[PDB]
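Just the one chain here, the form deposited in one PDB entry, laid out as structure tokens.
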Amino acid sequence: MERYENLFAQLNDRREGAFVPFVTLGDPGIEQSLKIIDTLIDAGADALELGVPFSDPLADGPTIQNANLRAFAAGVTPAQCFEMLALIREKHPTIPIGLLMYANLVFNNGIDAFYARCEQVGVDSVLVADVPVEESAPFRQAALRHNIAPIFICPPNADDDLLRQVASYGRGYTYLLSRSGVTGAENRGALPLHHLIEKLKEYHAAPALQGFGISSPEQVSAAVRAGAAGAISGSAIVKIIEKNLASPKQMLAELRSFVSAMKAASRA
């Protein structure tokens, strides 16, 4: 399919950036996670980044470490996540859906089979957090054989060779890291660089989404003004889940208010 291409084309037509929340699938349970995700969409999410619970999320700070732990407390498995994904797609035909994976869950019972399952449930992209471009070949090849975009990461100090590789190998969107370190709203990254955003454009890369530390409307607006196609926010969204575990209705209300505010910041 061409869900990211279609989205960016539509957003470009409206001089608009993308706002893309991250949540952990099945945090804090399957039924509530499905409701959370429907709320994110109704409040204006342009695409989703969805984490499959993993025992050792080594690119994630405490907020998302805790989301994984909550999903495991609810007994959430990758199989259940694929069930959730199929239902999400059945409800929402056009929204781009990206997975945040760790390598072992992809490689576990066969790389090709993993990407085939993604295609079957209607996933659009897969970002494997612990696979650098240098190790990416079997993952990106399998992705493309199954019409899945492999997402690659552009660190803020990326050199020319790396920019060229990320531009060539990735599809769907280019992940623009705001800073070194791990996920977390407590650590704000940078306005990227004209250089990076411009070089990616020069090399015809997939449109950039800035992520890590994005927790406020002002940062979304800033990312888009800098030339990114949009922004990803995870910890700030997950914190609302964490804060409101005992209050599921209030959780959804606060998620709605926050996502609405973040999305508004992306509009021209």
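Rigid core: the largest C-alpha set superposing within 1.5 Å between the two forms. The first residue of the sequence shown is number 1, and the count goes up from there. Shifts are known only where both forms have a C-alpha.
The form deposited in another entry exists for this protein as well; it is not shown, and the discussion that follows is about that form.
K.L.:
After superposing the two forms on their rigid core, pick out the one entry in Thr94, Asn108, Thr77, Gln120 with a CA shift of 2 Å or more between the shown form and the other one.
P.N.:
Of all the options, the C-alpha that shifts by at least 2 Å belongs to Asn108.
K.L.:
Quick check: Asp56 between the shown form and the other one - does its CA shift reach 2 Å or more after fitting the rigid core?
P.N.:
Indeed, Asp56 is displaced by 2 Å or more.
K.L.:
After fitting on the rigid core, list every run of 3 or more consecutive residues where each C-alpha shifts 2 Å or more between the shown form and the other one, in sequence order.
P.N.:
These are the shifted runs between the shown form and the other one: 55-60, 106-108, 189-194.
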